[PDB]
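final-v7.cif, holding mmCIF, C-alpha atoms and all ligand atoms:
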```cif
data_my_file
loop_
_atom_site.label_atom_id
_atom_site.label_comp_id
_atom_site.auth_asym_id
_atom_site.auth_seq_id
_atom_site.Cartn_x
_atom_site.Cartn_y
_atom_site.Cartn_z
CA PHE A 1 0.00 0.00 0.00
CA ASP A 2 2.75 2.50 0.90
CA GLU A 3 4.52 1.85 -2.41
CA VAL A 4 1.52 3.39 -4.20
CA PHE A 5 0.79 6.32 -1.86
CA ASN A 6 4.15 8.09 -2.21
CA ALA A 7 6.93 7.65 -4.75
CA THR A 8 9.49 9.57 -6.83
CA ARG A 9 7.17 11.06 -9.48
CA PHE A 10 3.55 11.73 -10.30
CA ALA A 11 1.43 11.75 -13.43
CA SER A 12 -0.06 14.88 -14.98
CA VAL A 13 -3.73 15.76 -14.66
CA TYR A 14 -5.12 14.83 -18.07
CA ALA A 15 -3.53 11.36 -17.68
CA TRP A 16 -4.09 10.52 -14.01
CA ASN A 17 -2.66 7.22 -12.80
CA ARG A 18 -5.67 5.01 -12.03
CA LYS A 19 -3.44 2.94 -9.79
CA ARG A 20 -5.04 -0.28 -8.61
CA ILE A 21 -4.95 -2.04 -5.25
CA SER A 22 -5.11 -5.83 -5.18
CA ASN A 23 -0.89 8.97 15.19
CA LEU A 24 -2.26 10.37 11.94
CA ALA A 25 -0.35 10.39 8.69
CA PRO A 26 2.01 13.39 8.40
CA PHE A 27 -0.12 14.99 5.67
CA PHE A 28 -1.75 18.21 6.79
CA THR A 29 -4.97 18.20 4.74
CA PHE A 30 -7.39 15.28 5.02
CA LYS A 31 -11.10 15.11 4.24
CA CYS A 32 -13.57 12.24 3.80
CA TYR A 33 -16.95 12.49 2.05
CA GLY A 34 -18.19 9.12 3.31
CA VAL A 35 -17.29 7.12 6.41
CA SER A 36 -14.28 8.32 8.43
CA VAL A 37 -10.52 -0.45 -4.64
CA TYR A 38 -8.93 2.25 -6.73
CA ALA A 39 -6.47 4.94 -5.65
CA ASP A 40 -5.66 7.69 -8.16
CA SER A 41 -2.85 10.21 -8.04
CA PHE A 42 -1.81 13.39 -9.85
CA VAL A 43 -0.52 16.92 -9.25
CA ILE A 44 -2.66 20.08 -9.35
CA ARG A 45 -2.18 23.68 -8.29
CA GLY A 46 -2.73 24.52 -4.65
CA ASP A 47 -5.85 26.66 -4.92
CA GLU A 48 -7.54 24.21 -7.32
CA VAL A 49 -7.67 21.26 -4.91
CA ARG A 50 -11.19 22.35 -3.91
CA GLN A 51 -12.65 21.34 -7.29
CA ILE A 52 -11.87 17.67 -6.53
CA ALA A 53 -14.70 17.83 -4.01
CA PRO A 54 -17.66 15.58 -4.91
CA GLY A 55 -19.75 17.41 -7.48
CA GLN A 56 -18.38 20.87 -8.22
CA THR A 57 -17.81 22.78 -11.44
CA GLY A 58 -14.68 24.60 -12.54
CA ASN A 59 -11.76 24.05 -14.87
CA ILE A 60 -10.28 20.74 -13.67
CA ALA A 61 -13.31 19.20 -11.94
CA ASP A 62 -15.32 19.06 -15.17
CA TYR A 63 -12.74 19.11 -17.98
CA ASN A 64 -9.93 16.89 -16.66
CA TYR A 65 -10.89 14.81 -13.60
CA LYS A 66 -14.50 14.43 -12.41
CA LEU A 67 -15.77 12.71 -9.29
CA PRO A 68 -19.19 11.03 -9.37
CA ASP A 69 -22.24 12.16 -7.50
CA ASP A 70 -23.00 10.56 -4.09
CA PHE A 71 -19.28 9.90 -3.81
CA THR A 72 -18.11 6.90 -1.80
CA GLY A 73 -14.44 7.70 -1.28
CA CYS A 74 -12.05 9.95 0.60
CA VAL A 75 -9.69 12.64 -0.68
CA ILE A 76 -6.16 13.43 0.51
CA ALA A 77 -3.71 16.23 -0.27
CA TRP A 78 -0.50 17.75 1.04
CA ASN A 79 1.73 20.61 -0.08
CA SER A 80 4.61 19.49 -2.29
CA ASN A 81 6.50 22.68 -3.11
CA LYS A 82 9.93 21.38 -2.16
CA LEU A 83 10.11 18.20 -4.23
CA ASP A 84 8.31 19.41 -7.36
CA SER A 85 9.24 23.06 -7.79
CA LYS A 86 12.79 24.14 -8.60
CA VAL A 87 14.58 27.42 -9.22
CA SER A 88 15.30 26.38 -12.81
CA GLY A 89 11.61 25.66 -13.40
CA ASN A 90 9.81 22.54 -14.62
CA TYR A 91 7.18 22.26 -17.34
CA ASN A 92 6.37 18.53 -17.52
CA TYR A 93 2.85 18.96 -16.07
CA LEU A 94 -0.10 19.44 -18.42
CA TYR A 95 -3.82 20.11 -18.05
CA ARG A 96 -6.45 20.06 -20.77
CA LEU A 97 -7.87 23.51 -21.49
CA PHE A 98 -10.19 23.39 -24.54
CA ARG A 99 -12.68 20.51 -24.53
CA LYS A 100 -16.02 20.29 -26.32
CA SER A 101 -18.07 19.11 -23.33
CA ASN A 102 -17.85 17.95 -19.73
CA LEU A 103 -16.48 14.61 -18.54
CA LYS A 104 -18.57 11.70 -17.30
CA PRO A 105 -17.68 10.65 -13.73
CA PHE A 106 -14.45 8.64 -13.52
CA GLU A 107 -13.74 9.22 -17.18
CA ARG A 108 -10.31 10.03 -18.56
CA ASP A 109 -9.03 10.85 -22.02
CA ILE A 110 -5.60 10.93 -23.66
CA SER A 111 -5.44 12.64 -27.04
CA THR A 112 -3.90 15.55 -28.95
CA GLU A 113 -6.39 16.93 -31.46
CA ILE A 114 -6.70 20.60 -32.37
CA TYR A 115 -9.78 22.32 -30.96
CA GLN A 116 -11.94 23.95 -33.64
CA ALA A 117 -13.07 27.19 -32.02
CA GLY A 118 -14.92 28.22 -35.18
CA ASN A 119 -15.97 26.67 -38.49
CA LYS A 120 -12.79 25.66 -40.34
CA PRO A 121 -11.27 22.19 -40.89
CA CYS A 122 -7.68 23.53 -40.46
CA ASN A 123 -6.32 20.35 -42.15
CA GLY A 124 -5.13 19.36 -38.67
CA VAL A 125 -2.62 22.23 -38.49
CA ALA A 126 -2.92 24.86 -35.77
CA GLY A 127 -4.16 28.24 -36.97
CA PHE A 128 -6.20 31.29 -36.05
CA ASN A 129 -9.31 29.34 -35.02
CA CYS A 130 -7.50 26.11 -34.10
CA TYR A 131 -5.73 25.67 -30.76
CA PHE A 132 -3.65 23.07 -28.98
CA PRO A 133 -5.83 21.75 -26.15
CA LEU A 134 -3.08 20.97 -23.60
CA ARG A 135 -1.22 23.86 -21.94
CA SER A 136 1.34 23.40 -19.19
CA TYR A 137 1.90 24.68 -15.65
CA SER A 138 4.85 26.79 -14.51
CA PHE A 139 6.54 26.29 -11.15
CA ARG A 140 9.08 28.33 -9.19
CA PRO A 141 9.76 28.19 -5.43
CA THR A 142 9.21 31.92 -4.81
CA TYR A 143 5.50 32.01 -5.58
CA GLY A 144 2.52 32.74 -3.39
CA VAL A 145 0.67 30.08 -1.44
CA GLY A 146 -1.94 28.58 -3.77
CA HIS A 147 0.25 28.58 -6.88
CA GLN A 148 2.49 25.85 -5.47
CA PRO A 149 1.88 22.30 -6.70
CA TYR A 150 -0.14 19.97 -4.49
CA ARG A 151 0.02 16.19 -4.68
CA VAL A 152 -3.45 14.61 -4.54
CA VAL A 153 -4.24 10.92 -3.93
CA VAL A 154 -7.99 10.22 -3.96
CA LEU A 155 -9.31 6.94 -2.58
CA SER A 156 -12.39 5.46 -4.26
CA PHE A 157 -13.83 2.49 -2.40
CA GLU B 1 -14.82 38.10 -41.56
CA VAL B 2 -15.25 37.68 -37.79
CA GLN B 3 -16.61 40.31 -35.42
CA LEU B 4 -18.83 40.78 -32.37
CA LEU B 5 -21.88 42.97 -32.99
CA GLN B 6 -23.82 44.17 -29.96
CA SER B 7 -27.33 45.64 -29.67
CA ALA B 8 -28.80 47.17 -26.50
CA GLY B 9 -29.10 50.39 -24.53
CA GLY B 10 -31.62 52.38 -22.55
CA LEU B 11 -32.25 54.10 -19.21
CA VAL B 12 -34.18 51.94 -16.75
CA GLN B 13 -35.32 52.68 -13.21
CA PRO B 14 -33.97 50.92 -10.09
CA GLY B 15 -36.98 48.61 -10.05
CA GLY B 16 -36.77 47.69 -13.71
CA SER B 17 -34.63 45.32 -15.74
CA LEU B 18 -33.44 44.92 -19.32
CA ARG B 19 -31.65 42.41 -21.53
CA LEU B 20 -28.23 42.64 -23.19
CA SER B 21 -27.64 40.74 -26.43
CA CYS B 22 -24.39 40.06 -28.28
CA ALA B 23 -24.10 38.21 -31.60
CA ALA B 24 -21.01 36.50 -33.01
CA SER B 25 -20.08 35.45 -36.55
CA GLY B 26 -17.34 33.11 -37.71
CA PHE B 27 -17.18 30.95 -34.57
CA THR B 28 -19.84 29.01 -32.72
CA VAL B 29 -20.54 30.67 -29.38
CA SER B 30 -21.02 27.16 -27.98
CA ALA B 31 -17.30 26.45 -28.55
CA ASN B 32 -14.95 28.93 -26.85
CA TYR B 33 -15.00 30.89 -23.61
CA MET B 34 -17.18 33.98 -23.30
CA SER B 35 -17.32 36.75 -20.71
CA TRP B 36 -18.68 40.25 -20.10
CA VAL B 37 -16.46 43.20 -19.20
CA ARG B 38 -17.89 46.33 -17.56
CA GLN B 39 -16.24 49.76 -17.75
CA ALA B 40 -17.46 52.65 -15.73
CA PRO B 41 -16.66 56.31 -16.52
CA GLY B 42 -13.47 57.39 -14.80
CA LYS B 43 -12.61 53.88 -13.60
CA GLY B 44 -10.75 50.89 -14.96
CA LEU B 45 -12.29 47.79 -16.44
CA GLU B 46 -13.92 45.11 -14.29
CA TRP B 47 -14.93 41.49 -14.81
CA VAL B 48 -18.57 40.41 -14.53
CA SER B 49 -18.99 36.86 -15.82
CA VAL B 50 -17.51 33.83 -17.59
CA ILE B 51 -19.31 31.03 -19.41
CA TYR B 52 -17.42 27.86 -20.27
CA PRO B 53 -18.42 25.46 -23.02
CA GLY B 54 -20.49 22.87 -21.20
CA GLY B 55 -22.58 25.40 -19.31
CA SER B 56 -20.66 26.07 -16.10
CA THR B 57 -21.36 29.62 -14.96
CA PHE B 58 -19.19 31.93 -12.85
CA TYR B 59 -20.03 35.35 -11.43
CA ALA B 60 -18.17 38.19 -9.77
CA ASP B 61 -18.52 38.51 -6.00
CA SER B 62 -19.88 42.06 -6.24
CA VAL B 63 -22.56 40.77 -8.62
CA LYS B 64 -22.91 37.36 -6.99
CA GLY B 65 -26.39 36.37 -8.07
CA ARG B 66 -28.83 38.99 -9.35
CA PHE B 67 -27.53 38.50 -12.93
CA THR B 68 -27.70 35.68 -15.46
CA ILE B 69 -25.56 34.78 -18.48
CA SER B 70 -27.16 32.50 -21.05
CA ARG B 71 -26.04 31.52 -24.53
CA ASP B 72 -28.29 30.41 -27.37
CA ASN B 73 -26.90 27.67 -29.59
CA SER B 74 -29.67 27.98 -32.18
CA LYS B 75 -29.13 31.69 -32.85
CA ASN B 76 -25.32 31.77 -32.34
CA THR B 77 -25.58 34.73 -29.97
CA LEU B 78 -24.68 35.56 -26.38
CA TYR B 79 -27.30 36.82 -23.92
CA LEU B 80 -26.96 38.61 -20.60
CA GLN B 81 -30.03 39.47 -18.53
CA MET B 82 -29.80 41.93 -15.65
CA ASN B 83 -32.48 41.71 -12.96
CA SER B 84 -33.05 44.17 -10.11
CA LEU B 85 -30.59 46.78 -11.31
CA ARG B 86 -29.39 48.82 -8.35
CA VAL B 87 -28.44 52.49 -8.13
CA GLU B 88 -25.02 53.58 -9.42
CA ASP B 89 -24.77 50.53 -11.71
CA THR B 90 -24.45 52.53 -14.93
CA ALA B 91 -21.49 51.55 -17.11
CA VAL B 92 -20.64 50.47 -20.64
CA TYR B 93 -20.79 46.68 -21.02
CA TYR B 94 -18.42 44.88 -23.40
CA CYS B 95 -18.84 41.53 -25.14
CA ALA B 96 -15.56 39.66 -25.41
CA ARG B 97 -14.35 36.12 -25.98
CA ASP B 98 -11.55 34.52 -23.99
CA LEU B 99 -8.58 32.26 -24.63
CA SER B 100 -6.84 32.80 -21.27
CA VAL B 101 -3.48 31.31 -22.29
CA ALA B 102 -3.00 31.81 -26.02
CA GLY B 103 -4.95 35.08 -25.85
CA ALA B 104 -6.64 37.36 -23.33
CA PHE B 105 -9.92 38.78 -24.69
CA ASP B 106 -8.87 38.58 -28.32
CA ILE B 107 -11.88 40.27 -29.97
CA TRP B 108 -14.24 42.78 -28.39
CA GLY B 109 -17.70 44.10 -29.11
CA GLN B 110 -18.48 47.69 -29.98
CA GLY B 111 -19.65 48.31 -26.41
CA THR B 112 -23.07 49.51 -25.24
CA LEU B 113 -24.10 51.38 -22.10
CA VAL B 114 -26.88 50.76 -19.58
CA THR B 115 -27.98 53.73 -17.49
CA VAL B 116 -30.00 53.83 -14.27
CA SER B 117 -31.98 56.57 -12.53
CA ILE B 118 -4.43 40.53 -6.57
CA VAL B 119 -4.56 44.33 -6.65
CA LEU B 120 -2.37 45.95 -9.30
CA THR B 121 -0.87 49.44 -9.32
CA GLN B 122 0.19 51.74 -12.16
CA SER B 123 3.52 53.35 -11.29
CA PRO B 124 4.08 55.59 -14.37
CA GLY B 125 0.99 57.69 -13.78
CA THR B 126 -0.11 60.34 -16.26
CA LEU B 127 3.21 60.21 -18.08
CA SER B 128 3.40 62.63 -21.02
CA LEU B 129 6.26 62.37 -23.50
CA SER B 130 6.99 64.28 -26.69
CA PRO B 131 6.63 62.34 -29.96
CA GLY B 132 9.75 60.64 -31.26
CA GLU B 133 11.12 59.16 -28.02
CA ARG B 134 10.77 55.86 -26.18
CA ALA B 135 8.46 55.50 -23.18
CA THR B 136 8.66 52.97 -20.34
CA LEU B 137 5.47 51.82 -18.61
CA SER B 138 5.93 49.83 -15.40
CA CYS B 139 3.23 47.66 -13.85
CA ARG B 140 3.60 46.21 -10.35
CA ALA B 141 1.52 43.33 -9.01
CA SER B 142 1.11 41.86 -5.51
CA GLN B 143 1.38 38.06 -5.49
CA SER B 144 4.18 37.95 -8.11
CA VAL B 145 2.41 35.61 -10.53
CA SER B 146 4.13 33.65 -13.30
CA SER B 147 5.56 35.45 -16.32
CA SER B 148 3.11 33.98 -18.85
CA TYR B 149 -0.04 35.67 -17.54
CA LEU B 150 -0.22 39.46 -17.79
CA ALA B 151 -1.38 41.08 -21.02
CA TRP B 152 -1.38 44.71 -22.12
CA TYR B 153 -4.16 46.72 -23.74
CA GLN B 154 -4.67 49.87 -25.80
CA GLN B 155 -7.92 51.85 -25.63
CA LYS B 156 -8.46 54.93 -27.76
CA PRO B 157 -11.03 57.37 -26.33
CA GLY B 158 -14.45 55.75 -26.57
CA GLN B 159 -13.56 52.57 -28.46
CA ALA B 160 -13.23 48.87 -27.75
CA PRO B 161 -9.84 48.04 -26.21
CA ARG B 162 -7.35 45.90 -28.09
CA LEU B 163 -4.59 43.58 -26.89
CA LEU B 164 -0.91 44.13 -27.64
CA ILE B 165 0.87 41.23 -25.89
CA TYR B 166 -0.83 38.28 -24.21
CA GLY B 167 2.09 36.27 -22.85
CA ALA B 168 4.06 39.33 -21.68
CA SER B 169 6.53 38.51 -24.49
CA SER B 170 4.49 37.55 -27.61
CA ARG B 171 2.80 40.33 -29.57
CA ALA B 172 -0.68 39.74 -30.95
CA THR B 173 -1.51 39.22 -34.60
CA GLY B 174 -1.81 42.36 -36.70
CA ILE B 175 0.37 44.42 -34.34
CA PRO B 176 3.22 46.71 -35.47
CA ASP B 177 6.76 45.77 -34.48
CA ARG B 178 7.21 49.00 -32.48
CA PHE B 179 5.54 47.46 -29.41
CA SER B 180 7.54 45.33 -26.97
CA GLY B 181 6.98 44.21 -23.40
CA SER B 182 9.11 42.28 -20.94
CA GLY B 183 9.68 41.66 -17.24
CA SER B 184 9.20 38.60 -15.06
CA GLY B 185 8.40 38.07 -11.40
CA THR B 186 6.88 41.08 -9.65
CA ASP B 187 7.27 43.75 -12.35
CA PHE B 188 6.33 44.02 -16.03
CA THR B 189 7.62 46.66 -18.43
CA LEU B 190 6.25 47.53 -21.87
CA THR B 191 7.69 50.13 -24.23
CA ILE B 192 6.98 51.66 -27.63
CA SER B 193 9.60 51.64 -30.40
CA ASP B 194 -1.17 57.04 -30.75
CA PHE B 195 -2.44 58.36 -27.42
CA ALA B 196 -4.63 56.19 -25.20
CA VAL B 197 -4.98 54.70 -21.72
CA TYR B 198 -2.97 51.51 -21.25
CA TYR B 199 -4.19 48.81 -18.86
CA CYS B 200 -2.65 45.80 -17.15
CA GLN B 201 -4.59 42.56 -17.33
CA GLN B 202 -4.00 39.42 -15.33
CA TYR B 203 -5.74 36.06 -15.32
CA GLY B 204 -4.92 33.11 -13.07
CA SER B 205 -7.29 34.01 -10.23
CA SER B 206 -11.04 33.62 -9.94
CA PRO B 207 -11.89 37.38 -9.92
CA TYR B 208 -9.30 38.67 -12.45
CA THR B 209 -8.08 42.27 -12.14
CA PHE B 210 -7.32 45.29 -14.31
CA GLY B 211 -4.89 48.10 -13.62
CA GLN B 212 -6.07 51.65 -13.12
CA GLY B 213 -4.19 52.71 -16.25
CA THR B 214 -2.06 55.62 -17.39
CA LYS B 215 -2.60 58.61 -19.66
CA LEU B 216 0.00 58.90 -22.41
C1 LIG A 301 6.79 7.05 1.57
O1 LIG A 301 5.87 6.36 2.52
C2 LIG A 301 5.63 6.89 3.84
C3 LIG A 301 4.65 8.03 3.70
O2 LIG A 301 3.39 7.56 3.26
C4 LIG A 301 6.92 7.28 4.58
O3 LIG A 301 7.06 6.46 5.73
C5 LIG A 301 8.13 7.13 3.68
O4 LIG A 301 9.27 7.71 4.30
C6 LIG A 301 7.85 7.82 2.35
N1 LIG A 301 9.08 8.00 1.59
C7 LIG A 301 9.82 6.99 1.11
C8 LIG A 301 11.04 7.40 0.35
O5 LIG A 301 9.53 5.81 1.29
#
```
Write the structure described by the file as structure tokens, please.
Amino acid sequence: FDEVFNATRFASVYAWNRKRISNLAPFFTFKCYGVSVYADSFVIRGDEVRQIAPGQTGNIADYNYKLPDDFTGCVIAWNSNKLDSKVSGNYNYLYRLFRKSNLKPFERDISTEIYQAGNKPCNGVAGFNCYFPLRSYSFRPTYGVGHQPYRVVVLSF
Amino acid sequence: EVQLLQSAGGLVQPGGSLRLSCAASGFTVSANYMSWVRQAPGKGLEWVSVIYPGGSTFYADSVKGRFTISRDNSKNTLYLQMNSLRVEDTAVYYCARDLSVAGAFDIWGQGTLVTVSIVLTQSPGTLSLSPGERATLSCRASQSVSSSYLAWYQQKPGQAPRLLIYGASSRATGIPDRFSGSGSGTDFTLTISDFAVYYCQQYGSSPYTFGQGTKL
């Protein structure tokens, strides 16, 4: 169990590791939406952890990772500025930005197709009305609280 | 051609209410982000609403509730309905799309007024310079957000504002080479080599914010 909870790297948001399983913990934030299986894990910005509550709208909760209604699992998070962020700056974390519609609960998608903001085929090449859907984060240690990356490991019973 | 054409107006009493309509051509309004920017006389711009594709709605705290933003897929327009308009709510309302990373309010409507019965600062102030020399405009933020967020605007007297640079380093399309902006961290500097009021924009937070602006 511990070998899945905490490791040396984490997956980006649009491709969240649906990792399988088959005297409190020293993590400051802890909240359960059921009683006091599949464990997922990814990295999201500090202020945007709230959207991973059961049933809320936003930018990540409905376009990248969506919990179901009447949720039957807990959520965990803890600040991870030190390990992730660096003075040089890292850019290997992506989140989907332009998507046609919402996401069904516990649905994920991996794809790189240009979003057609208007009415133009674009021949698959980015242009005025065609955009790349995935845009990356930017991390640096000397940022305000909320912009720092947070590691999230949701438990779904 | 692509443009936002807006049709509304009037002078309604504190009890009353009216409807604001904005129509778009060249792109389906049910595809990209849409918002509504409000400018009051003598004050900088302010954010009022965002609609995402998929129907999620967001509102400013000052106008939390009491408004409603609805889009009509069939007619390819954008609708805003104001209910229970208070006193001292008069201002010109702008219709503008949103890209938020590749662009910041790329194309704007002509702007129509409705009449009723992270804080940024602008260091340069009302800086006046003779023609033929370079000018430096400095914008200072609070939380020291990432370098790829702030964008700069130009607004001639009584017209829709336009964007110059969206990523603080990449000029917009159809922009002369004489405009350049730089700076990372807590300060952002833009320089020229056309008199207007130049604003600082920043996304990355729920409420957004605009600078007070400077008079050239
Ligand atoms: C990972 O597992 C637990 C925290 O859940 C902790 O005891 C351990 O030190 C962590 N780090 C490593 C490198 O195992």
message: Hey, which residues sit close to ligand LIG 301 (chain A)? Say within 8 Å, counting only C-alpha atoms and all ligand atoms, and write them as number ranges by chain.
response: A: 2-3, 5-8, 25-26
message: Show me, as JSON, numbers by chain, every residue of chain A with an atom at most 8 Å from chain B, counting only C-alpha atoms.
response: {"A": [57, 58, 98, 99, 100, 101, 102, 116, 117, 118, 119, 135, 138, 143, 144]}
- prompt: Do you have the atom CA of residue A:124-atom CA of residue A:15 distance handy?
  reply: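 For atom CA of residue A:124 relative to atom CA of residue A:15, the distance reads 22.5 Å.
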statement: Of B:79, B:198, B:67, B:59, the one sitting nearest residue B:22 when using all atoms listed in the file is B:79
task: Could you give me, as a list in words, the residues within 8 Å of residue B:166, counting all atoms listed in the file and dropping anything in the same chain fewer than 6 positions from it?
output: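 Contacts, with the query itself left out: residues 101, 102, 103, 104, 148, 149, 150, 151, 152 and 172 of chain B.
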task: Tell me, in Å to one decimal, how far atom CA of residue B:115 is from atom CA of residue B:216.
output: 28.9 Å
task: List the residues sitting within 8 Å of (-10.0, 15.2, -20.6) in the file's frame, using only C-alpha atoms, as a PyMOL selection string.
output: chain A and resi 14+63-65+96+99+103+107-110
- prompt: Please, which residues are within 7 Å of (-16.5, 43.2, -21.6) by the file's coordinates, counting all atoms listed in the file, and could they come as a PyMOL selection string?
  reply: chain B and resi 35-38+93-96
With C-alpha atoms retained, could you export that selection as a PDB file, in the frame of the given file?
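Contents of selection.pdb, as written:
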```pdb
ATOM      1  CA  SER B  35     -17.320  36.750 -20.710  1.00  0.00           C
ATOM      2  CA  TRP B  36     -18.680  40.250 -20.100  1.00  0.00           C
ATOM      3  CA  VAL B  37     -16.460  43.200 -19.200  1.00  0.00           C
ATOM      4  CA  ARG B  38     -17.890  46.330 -17.560  1.00  0.00           C
ATOM      5  CA  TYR B  93     -20.790  46.680 -21.020  1.00  0.00           C
ATOM      6  CA  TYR B  94     -18.420  44.880 -23.400  1.00  0.00           C
ATOM      7  CA  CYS B  95     -18.840  41.530 -25.140  1.00  0.00           C
ATOM      8  CA  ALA B  96     -15.560  39.660 -25.410  1.00  0.00           C
TER       9      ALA B  96
END
```
How big is the axis-aligned box, and where does its centre sit, when it encloses all atoms of stretch 57-66 of chain A listed in the file and has 8 Å added on every side, reported in Å to one decimal as AutoDock Vina command-line options?
```
--center_x -13.9 --center_y 19.5 --center_z -14.7 --size_x 23.9 --size_y 26.2 --size_z 22.5
```
field: From B:72, B:155, B:77, B:214, residue lying nearest residue B:7 [all atoms listed in the file]
entry: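 Counting all atoms listed in the file, the residue closest to residue B:7 is B:77.
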- prompt: Quick one: distance from atom CA of residue A:40 to atom CA of residue A:95 in Å, one decimal?
  reply: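 About the pair atom CA of residue A:40 and atom CA of residue A:95: they are 16.0 Å apart.
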message: Ranking A:83, A:32, A:122, A:130 by minimum distance to residue A:154 and counting all atoms listed in the file, which one comes first?
response: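 With all atoms listed in the file as the atom set, the closest residue is A:32.
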- request: Could you give me, as a count of residues only, the residues within 7 Å of residue B:5, counting only C-alpha atoms and dropping anything in the same chain fewer than 2 positions from it?
  value: 7
Please identify all polymer residues within 10 Å of stretch 124-132 of chain B, counting all atoms listed in the file, omitting same-chain residues fewer than 6 positions from it, and present them as a PDB file with C-alpha atoms, in the frame of the given file.
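After the write, part_20.pdb holds the following:
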```pdb
ATOM      1  CA  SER B 138       5.930  49.830 -15.400  1.00  0.00           C
ATOM      2  CA  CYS B 139       3.230  47.660 -13.850  1.00  0.00           C
ATOM      3  CA  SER B 193       9.600  51.640 -30.400  1.00  0.00           C
ATOM      4  CA  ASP B 194      -1.170  57.040 -30.750  1.00  0.00           C
ATOM      5  CA  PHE B 195      -2.440  58.360 -27.420  1.00  0.00           C
ATOM      6  CA  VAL B 197      -4.980  54.700 -21.720  1.00  0.00           C
ATOM      7  CA  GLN B 212      -6.070  51.650 -13.120  1.00  0.00           C
ATOM      8  CA  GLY B 213      -4.190  52.710 -16.250  1.00  0.00           C
ATOM      9  CA  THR B 214      -2.060  55.620 -17.390  1.00  0.00           C
ATOM     10  CA  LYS B 215      -2.600  58.610 -19.660  1.00  0.00           C
ATOM     11  CA  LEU B 216       0.000  58.900 -22.410  1.00  0.00           C
TER      12      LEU B 216
END
```
message: Can you pull out the residues contacting residue A:146? Cut-off 6 Å, using all atoms listed in the file, and skip same-chain residues under 2 positions away; I want them as a VMD selection string.
response: chain A and resid 46 to 47 148
- request: May I have the residues within 9 Å of residue A:137 as a list in words, using all atoms listed in the file and disregarding those fewer than 6 positions away in the same chain?
  value: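 The contact residues come out as residues 45, 90, 91, 92, 93, 94 and 95 of chain A.
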- prompt: Of the candidates B:187, B:1, B:46, B:88, which one gets nearest to residue B:116 if we count only C-alpha atoms?
  reply: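 Counting only C-alpha atoms, the residue closest to residue B:116 is B:88.
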Is it possible to add N, CA, C and O atoms to stretch 85-95 of chain B and hand it back as a compact mmCIF listing (two decimals), in the coordinates of the input?
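The resulting file, selection15.txt, is reproduced below:
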```txt
# COMPACT_ATOMS: atom_id res chain seq x y z
N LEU B 85 -31.74 45.91 -11.15
CA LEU B 85 -30.59 46.78 -11.31
C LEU B 85 -30.57 47.84 -10.22
O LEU B 85 -31.56 48.56 -10.02
N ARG B 86 -29.45 47.95 -9.51
CA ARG B 86 -29.39 48.82 -8.35
C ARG B 86 -29.09 50.25 -8.80
O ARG B 86 -29.08 50.57 -9.99
N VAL B 87 -28.85 51.12 -7.83
CA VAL B 87 -28.44 52.49 -8.13
C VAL B 87 -26.93 52.52 -8.29
O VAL B 87 -26.21 51.71 -7.70
N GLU B 88 -26.44 53.45 -9.11
CA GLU B 88 -25.02 53.58 -9.42
C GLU B 88 -24.45 52.30 -10.04
O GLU B 88 -23.35 51.87 -9.71
N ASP B 89 -25.22 51.68 -10.93
CA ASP B 89 -24.77 50.53 -11.71
C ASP B 89 -24.55 50.87 -13.17
O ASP B 89 -24.32 49.96 -13.98
N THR B 90 -24.62 52.14 -13.54
CA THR B 90 -24.45 52.53 -14.93
C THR B 90 -23.00 52.34 -15.36
O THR B 90 -22.07 52.69 -14.62
N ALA B 91 -22.81 51.76 -16.54
CA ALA B 91 -21.49 51.55 -17.11
C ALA B 91 -21.66 50.93 -18.49
O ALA B 91 -22.69 50.33 -18.79
N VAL B 92 -20.63 51.07 -19.32
CA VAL B 92 -20.64 50.47 -20.64
C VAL B 92 -20.23 49.01 -20.52
O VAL B 92 -19.21 48.69 -19.90
N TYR B 93 -21.02 48.12 -21.11
CA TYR B 93 -20.79 46.68 -21.02
C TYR B 93 -20.21 46.18 -22.33
O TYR B 93 -20.72 46.51 -23.41
N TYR B 94 -19.15 45.38 -22.24
CA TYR B 94 -18.42 44.88 -23.40
C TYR B 94 -18.63 43.38 -23.55
O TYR B 94 -18.68 42.65 -22.56
N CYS B 95 -18.75 42.94 -24.80
CA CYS B 95 -18.84 41.53 -25.14
C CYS B 95 -17.48 41.08 -25.66
O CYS B 95 -16.96 41.67 -26.61
```
